[PDB]
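Single chain ahead, written as structure tokens, the form deposited in one PDB entry.
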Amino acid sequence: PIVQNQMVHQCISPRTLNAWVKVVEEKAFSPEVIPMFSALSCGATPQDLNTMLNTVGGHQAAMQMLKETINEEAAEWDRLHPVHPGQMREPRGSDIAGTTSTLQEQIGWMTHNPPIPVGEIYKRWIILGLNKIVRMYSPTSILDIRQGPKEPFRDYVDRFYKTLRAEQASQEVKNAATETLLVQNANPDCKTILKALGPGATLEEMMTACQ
């Protein structure tokens, strides 16, 4: 990564490498993997980002989909930036991905004035590809999340919003689901109590009631 001490390059630490590998092994592709990737790749170069992705062993179907998403964004970068004095040459789509660019060039762009953050741009493409994977790997739909007979309400609502997070719908659709579907699919003995509270109740009041 690139960090202060002037901005200087450092080797990716064993702790960071191990941390990322264990998250992918344990959590597979749960929503919380994306923020953990972003956090562990703080100030990372395209090379460091490639190192993290390449160290993942399993899930090779998902990693191949990520490759194709990167190539689509790289091609889109080349379309929006046509190739055309004493000036530094601009990065291509493949140069941002780190396939056709050395470490010295990557550090060059990032520590330039003005800077061209190829690490953050490439990280944006990776996160965009990972969002598509998380949506596909979502096991259950929001319509199927329904409270059990003897299931605690807390556990039911956890499964609801966990699923809602993984589906990654728009905020307008999420509200439409939360408004109509949440109370509907609750079991009778809890639903009897929530109806007694009346409309315009917060999530805090609802969870406290069924407890």
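Definition used throughout: the rigid core is the maximal C-alpha set that superposes within 1.5 Å between two forms. Position 1 is the first residue in the sequence shown; the rest follow in order.
Higher mean CA B-factor, judged across 99-107 and 85-93 from the recorded values: 85-93. Annotation for 175-183 versus 63-71: the higher mean temperature factor (C-alpha) is found in 175-183.
Compared with the other modelled residues of the chain, the Cα B-factor recorded for residue 19 ranks in the lowest third.
Per the deposited record, the Cα B-factor of residue 58 falls in the middle third when ranked against the other modelled residues of its chain. Residue 150 sits in the highest third of its chain by CA B factor, as recorded in the PDB entry.
Ranked by C-alpha B-factor against the other modelled residues of its chain, residue 131 falls in the lowest third.
Separately, the form deposited in another entry exists; it is not shown, and the next lines address it.
Core-superposed comparison between this form and the one not shown: the C-alpha position of residue 14 differs by less than 2 Å. When the rigid core is held fixed, the Cα atom of residue 193 travels 2 angstroms or more between this form and the one not shown.
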